[PDB]
Structure formats: C-alpha cells, structure tokens
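Input: a single structure, listed below in structure tokens.
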Amino acid sequence: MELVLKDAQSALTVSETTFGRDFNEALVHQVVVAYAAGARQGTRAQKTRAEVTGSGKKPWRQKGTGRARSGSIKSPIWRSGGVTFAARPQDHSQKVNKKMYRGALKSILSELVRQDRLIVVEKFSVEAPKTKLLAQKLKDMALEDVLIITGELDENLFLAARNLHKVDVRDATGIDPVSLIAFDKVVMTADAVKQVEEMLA
Amino acid sequence: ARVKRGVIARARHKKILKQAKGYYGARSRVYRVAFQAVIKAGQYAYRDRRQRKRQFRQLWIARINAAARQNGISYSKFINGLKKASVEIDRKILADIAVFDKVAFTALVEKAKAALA
Amino acid sequence: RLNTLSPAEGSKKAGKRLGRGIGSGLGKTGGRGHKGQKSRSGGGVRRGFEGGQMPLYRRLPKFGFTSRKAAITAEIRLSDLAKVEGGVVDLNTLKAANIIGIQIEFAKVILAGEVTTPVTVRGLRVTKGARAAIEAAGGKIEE
Amino acid sequence: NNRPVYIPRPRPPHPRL
Amino acid sequence: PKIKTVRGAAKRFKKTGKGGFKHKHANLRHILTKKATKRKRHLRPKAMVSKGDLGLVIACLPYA
RNA sequence: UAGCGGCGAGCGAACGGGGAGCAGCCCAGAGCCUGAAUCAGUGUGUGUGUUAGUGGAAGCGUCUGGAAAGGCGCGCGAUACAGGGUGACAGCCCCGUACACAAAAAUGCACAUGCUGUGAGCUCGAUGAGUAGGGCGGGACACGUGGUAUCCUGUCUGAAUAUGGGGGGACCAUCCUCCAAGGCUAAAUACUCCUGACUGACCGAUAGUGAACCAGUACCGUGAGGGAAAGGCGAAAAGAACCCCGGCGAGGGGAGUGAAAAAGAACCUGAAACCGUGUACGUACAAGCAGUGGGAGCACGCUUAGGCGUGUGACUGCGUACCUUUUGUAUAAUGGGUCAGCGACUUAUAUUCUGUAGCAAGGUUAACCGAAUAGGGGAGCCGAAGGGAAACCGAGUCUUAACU
C-alpha cells in the first residue's frame with residue numbers, strides 16, 4: 001500500500017500484506033502477554049517444613065497429653081516455620097511461534113498506520129549530542145511521546161534521547177511489540193522501513 | 001505475592017455482627033455464635049413469611065365468625081350464603097367491615113340469609 | 001492502547017479451586033468424595049491395578065519379537081519423490097532432502113499419488129503402483 | 001502459653017473389663 | 001520426568017490403525033490334548049481389546 | 001526406544017546426529033648435531049585493573065499550610081529526571097548520577113628484553129610377564145548367570161611377544177580395526193564460607209534467616225543438644241521550668257514546648273474478645289436453642305397535626321444450636337471457652353482430551369550462536385499407509401495349498 005510523508009511528500013511502496021492486513025485481537029494479545037512474562041525473572045523462594053531451621057524431635061508424646069497430636073515444630077500449621085507449598089525460582093517465559101510473532105507484529109504495524117499513529121519521514125539525525133536540540137526538533141513536530149526507529153543506530157541520536165523519558169531511539173532489528181503498542185507515536189525513517197519488510201518477509 | 005486477609009475478614013465479621021444486633025449475650029457479641037443466630041433468624045424469617053398469611057387468615061375468620069354469630073348466623077352458613085349470592089368480598093375486607101361498620105355487616109348477613117333461603 | 005487488548009472468548013477458564021466455601025460448588029473435599037484410598041492425600045492405585053485380580057497385561061501371553069531390520073527401513077511416498085533434487089533419486093541424496101533420516105539404509109516407494117515430473121530411481125524398490133505411476137509420468141526403473 | 005513438662009498420667013489405672 | 005511405559009504391557013498389545021489394540025488369546029499355552037480342535041483353532045488368530053479394559057491399556061502404554 | 005526384570009514393581013542404554021571447547025606429548029637408548037623451540041623460577045620496561053580520591057550542569061514569585069519538594073505563573077540544565085536525604089510529592093537545596101581525570105607505595109593479568117635449570121632436529125634399535133587368558137567366589141557395565149560378550153578383583157594357575165596379540169555381545173572361520181600389561185596434559189564442566197555492584201509481578205515484624213531490637217542471647221538439659229519473646233514519640237527533645245494534692249512517693253491536675261500531649265517516653269494508627277460509668281425502654285406469678293411473625297405502651301426526633309423514623313418491648317402463634325460421621329442425631333456420639341493473627345489441592349517435566357490462536361499436507365524447533373524476548377540453528381519430533389510374530393508385501397495385507 002501507499003505510505004505518505006509529511007515533510008518530503010514522497011511516495012513510498014510497501015507490501016499491503018505486512019501493512020494492510022486485518023487486526024488480529026487474539027493473536028496480538030497472546031504475543032504481548034508472552035512478552036511481559038518473558039520479562040520476569042522469578043527470583044523468589046520460601047522454606048518448606050524440611051528447609052526450616054529446627055529439629056525433628058516430637059514436641060510431646062503421642063498419647064497422654066491433653067492437647068492435639070503434634071509431629072514437629074516445623075509443621076505448616078505452626079507459628080514460626082511452615083509454608084505448605086513453598087515457592088521456588090521458576091522461569092515464566094513461554095514459547096511463541098515464529099510465525100505467530102511475525103503475524104502479531106504485522107497486525108500491529110497495520111493498525112498503527114490505520115490510526116495514523118505511524119509517521120514515515122526521511123533521515124532523522126541530530127548534528128550534536130545535545131538533548132536540547134532533540135527536544136526542539138520534536139517540539140515543532142508536536143510530538144512528545146515518540147519511538148524513533150532508524151535503520152542505522154548512531155551514538156549521536158542515542159545520547160540525545162537518553163535523558164528523554166518520553167522519547168525512545170531504536171533500530172529496526174531491535175523492535176518489540178510492547179514498545180510499538182505502548183508509545184503514542186512511532187517515527188520510522190525511510191531506511192528503517194525497508195529493513196522491516198526484509199525481516200518480516 | 002503474599003496476601004493478608006485481615007481487612008477482608010474484619011469486614012465480613014462486622015457485617016454478620018451488625019445483622020445480629022439486639023440478640024442476647026454472646027449472640028450479639030461473639031461471631032461464632034452470632035453467625036449461627038443470624039442464619040437461624042434467616043430460616044425463621046423465610047418460614048414465617050408463609051405462616052403470616054395463614055395466621056392472619058385464621059384471625060379474619062374468627063372475627064367474621066364472632067360478628068356473624070352476633071347477627072344470628074354461623075360462619076360456615078354465612079360464607080355459603082355469600083357464595084350463593086355471588087359476592088367476592090374476601091375475609092380481610094369482611095373482618096375489617098365487621099370491626100368498623102356494623103351496619104354494612106348487617107346488610108351482608110341479611111343478604112347471605114336471603115340467598116340461603 | 002496497551003490497556004485495551006483482550007483475549008478471545010473461551011481462551012481462559014480460571015481453573016478449579018478446591019475447598020473454598022460452600023457456594024463455590026466443589027468445597028469440603030473438593031470433589032473427591034468421602035473416605036477411602038482415593039480420597040487420601042497421595043492415594044490411588046498404580047497403572048493396571050484391578051484390586052488384586054490378575055491384571056489384563058498379565059492374563060494375556062506375550063507374543064512376537066522385535067526386528068532390528070525394521071528400524072533401518074522406511075517408505076517413500078510418490079508426492080515427496082519428485083522434490084528431492086532435479087530428477088534423480090537414490091538411496092543417497094534422500095538424507096539431503098531429509099525424508100528418511102541418516103540411519104536409514106533401506107527404502108521403498110509406495111503409491112501416494114500426485115506425481116507429475118518424470119524421475120529415475122536407482123537402488124530403491126517400487127512396490128506395484130509406484131512403477132505404474134512414474135512410467136505414466138515418464139520415469140524409469142533400474143537396479 | 002508454654003506446654004507443661006512433667007506430663008503425669010492423668011488417666012487412672014482402673015480398667016472396666 | 002517423562003512417563004515410563006509398562007514394559008510388560010508393551011509385549012502383549014500392539015496398536016492398530018484406528019487406535020485399537022490386538023492381543024494374543026490367553027488359553028493356548030499348555031494342557032492342549034483335552035481341548036477340542038475347534039476351540040484351539042478359534043484362539044489362534046489375534047483379537048481386539050475390549051472397550052471396558054481399553055482405558056486400562058491406554059494408561060499402561062501412553063507412548064506406544 | 002533396544003534390552004534387563006519373582007519378565008512383577010521397577011531399572012534403562014548404545015550406535016548415530018546437532019552443539020560448547022579443542023592439544024597433543026614423554027620414558028623404558030645409543031650415535032651425529034648440542035641452548036635447538038617450548039616450559040618453570042628470579043630482574044628490568046610498556047599497557048591494563050585492584051587498594052585512598054578530585055571536578056561534576058541548571059529556579060524563582062504568589063496561594064494553601066506547623067513546615068512545601070504541592071497548586072498556580074513564567075524560566076533554565078540534560079552524554080546527568082538512576083537512587084537517597086531534606087518539616088507533605090525536588091532534573092534545577094544537599095549527597096550523588098552521565099562524563100572527564102587521579103597513585104609516593106604494594107599488587108594480579110597480557111607482552112618485549114636478561115639470568116638460572118631440564119631440554120631441539122636426523123639415523124638405527126627398542127616398544128611395558130606373573131601380565132593377557134583360564135578354573136573357583138564376588139562386584140561393575142541398562143544387562144539379576146541367563147545362550148552372556150566386555151571390565152575389575154580375593155584365591156589357584158598361566159602364554160605369544162609382532163612371521164605376534166586384543167576386539168568386533170555364546171562360539172568358529174573369513175574379513176575390518178587397534179596395539180594392553182609406564183606416565184604427563186589447560187578448554188568447554190560443578191559449587192560459593194567470603195568481597196563489590198546491580199536486579200526482583202520476593203517478605204514487610206505470628207511474614208522474611210532461629211535472630212530487623214549488643215540472638216544463637218535469655219532460658220532448658222549432666223551432656224551431645226534444644227532454643228525464644230522483643231521494631232515504630234516528634235521535622236527537630238523543643239523529653240514538660242514552675243505551681244498544687246501526695247509519704248522530700250507513685251499517680252494526677254494546671255502551666256509551658258509543639259501543627260498535634262486521648263504524640264508524655266506504659267509514647268504512630270489503636271480493631272475484637274473482655275471490664276466499666278451515664279441515658280432511654282423492659283424486667284420481681286413466670287417455665288425451655290432465647291429467635292421469628294403479629295403487637296400495645298413508653299422515650300426521642302421529622303414534616304404535618306396523621307403518620308414516618310430510631311430505641312425498647314409487655315402480651316401472643318410457630319420454633320429442640322453448628323460441624324463431623326452415619327441407614328438415622330436436639331441427641332446423653334465426635335470437635336470447639338472467646339477474640340485477633342496464621343493454617344490445607346501447589347510446583348516441575350512428560351502424556352491424553354476440550355476451548356482458543358497461528359500455519360496447513362504440512363506443522364515446529366531443542367541445545368547452542370546471537371550488542372541477544374529479534375534473527376539464525378530443522379539435529380530431531382509428530383502427521384500424511386497400513387497389514388504381519390517377522391522376512392516381506394503394500395491400498396492393500398495377514399490367515400491358508402487357496403478362499404463362496
């Protein structure tokens with residue numbers, strides 16, 4: 001399909017399958033959920049009745065005592081020692097098929113174009129590594145929360161946006177569904193656009 | 001993600017104790033006993049929603065029977081006369097009329113007697 | 001929009017939680033009934049147990065034997081016969097197509113249909129209809 | 001608060017057989 | 001760990017095309033003189049596992 | 001999976017393939033040539049790192065307030081809005097942070113240059129004997145003595161030596177492959193008593209280590225050993241001068257400090273059981289799961305002047321707690337003195353079914369590589385073809401000499 005520009009007014013040709021396909025609600029949600037789960041690290045643990053410091057001696061005899069039968073000071077129904085099902089460090093990452101990941105990414109890109117949240121422009125660069133310059137460049141464009149995607153990563157643009165929370169700078173290869181969804185506006189360079197079709201295929 | 005149940009548990013206990021207000025002794029103070037008292041009050045309320053209808057029905061019949069006999073006719077005869085005369089006044093109105101309007105009841109018994117004869 | 005995505009209806013069920021109140025349905029033993037071996041924690045009978053009666057897999061007699069030659073043989077379809085490499089098919093170069101496996105050293109061709117390109121097979125065996133199918137296509141058989 | 005220690009036999013040795 | 005097949009079961013049941021199982025009849029080992037030829041002949045061919053005990057067979061050999 | 005197995009419960013390979021990492025040598029000996037490479041130990045020099053550190057940008061006015069970092073208005077820094085503190089929430093008040101620098105002295109690592117010690121290269125020869133193997137008894141290999149190969153060993157025996165010997169799963173012949181009875185060798189691998197930084201859909205004082213409070217302490221035991229409870233004033237002690245009751249008390253009432261003293265150290269919030277004082281109503285002729293339905297009177301308030309609400313409740317109909325276990329419980333069958341807190345279907349890997357999503361006669365990768373939730377990687381697994389014990393055949397196959 002045809003992607004219009006706002007600065008050079010130059011036509012761009014892009015496959016409609018990767019930019020004009022329908023929006024799959026179910027597929028995108030699964031990929032987004034999978035991405036969040038993969039961000040976890042699951043560094044937690046408790047002590048079961050075997051790992052609690054203590055001794056296995058019976059608190060009192062089985063019979064004769066007037067109170068409930070007890071077996072150990074570390075039973076889960078006892079104060080200061082227990083946890084019936086203690087947690088262990090676990091991996092929460094889940095598998096997502098390559099095609100499913102690509103399909104969700106294609107679905108997300110198409111809808112950004114439909115909601116005009118995606119803006120394609122020519123090369124986006126800053127002459128000097130100054131956050132002030134980048135802020136001015138984004139101010140006249142009426143953009144405050146933007147994700148800058150460029151074909152080639154340059155330290156000059158990387159340093160300029162480092163201290164800008166609402167602004168992110170990324171490469172085409174390092175593109176994730178969550179970032180595209182989260183950011184209000186996405187700006188893609190002409191080079192950045194081309195690499196997307198090649199990797200998306 | 002440990003979850004503490006102090007806030008929720010206290011809310012549930014307060015709700016039961018509020019419903020148990022006015023009961024005697026631990027039934028209004030202790031939750032273990034208050035819960036049983038509240039549940040039993042619920043059973044009785046459901047049961048008595050049906051006994052009330054029959055209890056008032058008995059009261060109306062007794063009032064009509066006293067009023068009809070005072071006019072010189074038994075309750076069973078009086079009701080039969082009304083059915084024969086095609087009168088659809090129910091017991092609640094009949095008892096109400098007997099208590100307040102004696103003349104209206106006298107007309108009814110007179111109408112019932114005529115239908116029977 | 002990250003707070004607007006939802007899953008498809010019926011994708012989630014929320015699972016079953018046992019022993020959580022009366023109105024939840026399966027509370028008070030959570031659907032495992034009253035006393036018994038099956039109701040105990042960790043209880044149950046192993047696979048094939050019949051309560052003491054001779055199990056079915058013990059009442060019946062073992063039969064047959066395992067043939068080692070069967071693990072080194074495979075069957076070749078007609079559909080995948082023509083997508084190996086050009087128009088020549090042999091015991092070798094099928095592993096390159098990855099349709100038999102490295103360890104396989106015997107192969108047969110069976111009638112699976114959908115064969116168009118004429119192909120030549122050497123060192124393989126074509127049962128009865130594979131010979132007819134390729135000959136119609138324009139192939140040949142030689143050992 | 002704390003369990004006793006002596007724990008004597010409270011039951012009386014008198015079987016009713 | 002992965003499930004362990006019941007080796008004894010795997011030596012007595014073979015899976016078929018439609019998910020059934022074939023087994024050898026269980027009365028043709030010894031004490032054969034007193035048996036009629038008709039009964040021995042009918043026990044020779046393999047037979048299908050009954051429905052009632054099919055569920056038991058599935059558990060024993062979940063892989064095969 | 002093949003196998004092992006009272007062929008029960010169970011145990012469970014190898015060949016082969018894909019990856020991480022790769023490095024080969026020496027003695028059993030003489031000669032020629034003899035620092036000839038590579039190594040280990042002691043000096044010098046370069047680089048880097050550790051052990052102290054230095055600089056480090058940019059805000060003010062009004063409103064609320066005990067106090068603003070908050071609201072409102074207008075500014076500036078950012079290769080620094082990572083964090084912590086500051087009288088409520090700070091990019092611009094402070095410590096820090098990105099960034100750029102720093103070592104007299106001691107040190108690990110990678111190089112170049114000296115010394116010490118064994119030691120290059122070529123020819124010829126040699127090439128591990130009470131050993132291999134065997135009998136008996138055991139053990140280890142998935143392999144429980146079984147038809148049982150292979151390895152190790154207590155006991156008794158015992159070769160050939162390269163025209164020789166070992167193995168190829170009883171064993172024999174033919175072939176293929178290797179050379180035991182002498183040794184050395186970093187890499188990928190396992191763990192954290194300890195040190196630094198960083199992270200967490202981990203805990204937040206009955207939790208988290210037994211121990212957030214000088215806790216393995218108090219305390220218990222002859223001893224090995226067992227083993228607690230206990231966190232929170234306020235921004236700042238500004239921790240209550242002084243007066244009065246009292247026993248030069250305790251405790252209290254004033255005064256003062258503070259935004260707040262029902263924040264006064266018995267100190268944030270301050271629930272429940274439990275214990276009290278006051279007010280309204282009821283109760284000393286009335287029998288029982290103590291409620292429920294009806295209901296007079298009384299005391300408070302509301303509009304209207306009749307009721308509506310709140311509390312109490314004479315009198316009256318009906319009514320023998322809950323849980324558990326049972327054919328069946330008010331049962332005199334079990335359990336609970338009460339309150340608060342904690343306390344029981346979880347987790348990992350496989351397999352089957354259902355729903356849903358992707359792709360579709362195809363589907364999908366694992367380890368691993370990867371400036372890395374991407375992309376590579378198709379080793380492999382499942383499916384499209386079954387029948388037979390198997391060879392084998394194949395939309396057929398098996399059964400049988402062969403099928404109506």
Side-chain angles (χ1 to χ4, degrees), chain A residues 44 46-49 52 59 65-87, chain B residues 1-63 90-93 95-96 99-100, chain C residues 3-7 9-35 39-41, chain D residues 1-4:
Chain A
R44 64 188 290 233
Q46 293 90 24
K47 319 193 155 294
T48 54
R49 61 181 290 181
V52 161
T65 60
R67 64 191 308 198
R69 58 182 68 179
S70 82
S72 65
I73 193 66
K74 304 175 279 181
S75 159
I77 62 170
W78 279 58
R79 192 186 156 279
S80 83
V83 190
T84 310
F85 307 110
Chain B
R2 187 149 177 277
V3 182
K4 295 176 88 168
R5 56 213 177 84
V7 178
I8 301 299
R10 160 154 68 254
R12 283 177 87 83
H13 286 196
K14 281 176 72 185
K15 173 169 75 64
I16 294 294
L17 293 181
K18 176 176 175 179
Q19 293 179 356
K21 193 171 292 311
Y23 298 167
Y24 162 76
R27 300 166 63 90
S28 47
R29 305 166 157 74
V30 165
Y31 172 86
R32 294 177 65 88
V33 181
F35 190 81
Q36 282 164 225
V38 161
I39 292 288
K40 182 65 72 68
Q43 312 180 57
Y44 286 154
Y46 179 81
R47 188 205 62 198
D48 293 343
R49 266 195 286 283
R50 287 124 180 88
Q51 284 190 356
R52 169 171 57 215
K53 298 175 190 59
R54 56 176 92 158
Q55 257 171 28
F56 272 107
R57 175 71 171 280
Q58 297 213 342
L59 178 57
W60 300 328
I61 287 160
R63 298 252 190 84
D90 49 350
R91 314 296 141 76
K92 183 187 176 189
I93 306 318
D96 208 35
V99 159
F100 290 133
Chain C
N3 69 332
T4 60
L5 313 177
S6 311
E9 61 86 20
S11 308
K12 311 300 187 95
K13 296 295 294 298
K16 288 170 73 169
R17 304 177 67 212
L18 308 188
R20 295 295 191 286
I22 296 168
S24 80
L26 73 165
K28 180 170 185 318
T29 71
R32 78 182 39 217
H34 296 96
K35 306 152 162 196
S39 78
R40 309 295 170 190
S41 162
Chain D
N1 261 192
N2 295 331
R3 100 130 356 212

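Below, read A as the first sequence line, B as the second, and so on, with proteins coming before strands; counting in each chain starts at 1. These values consider heavy atoms only, across backbone and side chains, with no hydrogens, waters or symmetry-generated copies.
Closest approach of B:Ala95 to B:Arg63, counting heavy atoms only: CB-CB, 4.0 Å. When all heavy atoms are compared, the tightest approach of A:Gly82 to A:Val52 is N-CG2, 3.9 Å.
Remark: C:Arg32 CZ to C:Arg40 CZ distance equals 10.5 Å, nearest 0.5 Å. Here CZ of B:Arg91 is found 4.5 Å from CZ of B:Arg57. Values are rounded to the nearest 0.5 Å.
Under the ring pair (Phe, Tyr, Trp, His ring centres under 6.0 Å) criterion, B:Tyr31 pairs with B:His13, B:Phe35, not counting sequence neighbours. Applying the side chain to side chain contact (heavy atoms under 4.5 Å, CB included) test to B:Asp90 and every residue at least two apart in sequence or in another chain returns B:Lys92, B:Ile93.
Side chain of A:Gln46 to backbone of A:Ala87: a donor-acceptor contact under 3.5 angstrom is found.
Within the structure, the side-chain hydrogen bond (donor to acceptor under 3.5 Å, both in side chains) test picks out the following pairs touching residues 69-86 of chain A (sequence neighbours left out): A:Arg49-A:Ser72. Here side-chain hydrogen bond (donor to acceptor under 3.5 Å, both in side chains) pairs that include residues 42-56 of chain B, with residues two or more places apart or in two chains, are B:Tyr46-B:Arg50.
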Which donor-acceptor pairs under 3.5 Å do the side chains of residues 15-27 of chain B make with protein atoms, sequence neighbours left out?
none

Side chains of residues 20-30 of chain C: which donor-acceptor pairs under 3.5 Å do they make with residues two or more places apart or in other chains?
unit_1: C:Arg20; atom_1: NH1; unit_2: C:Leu18; atom_2: O; d: 3.1
unit_1: C:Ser24; atom_1: OG; unit_2: C:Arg20; atom_2: O; d: 2.9
unit_1: C:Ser24; atom_1: OG; unit_2: C:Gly21; atom_2: O; d: 3.3

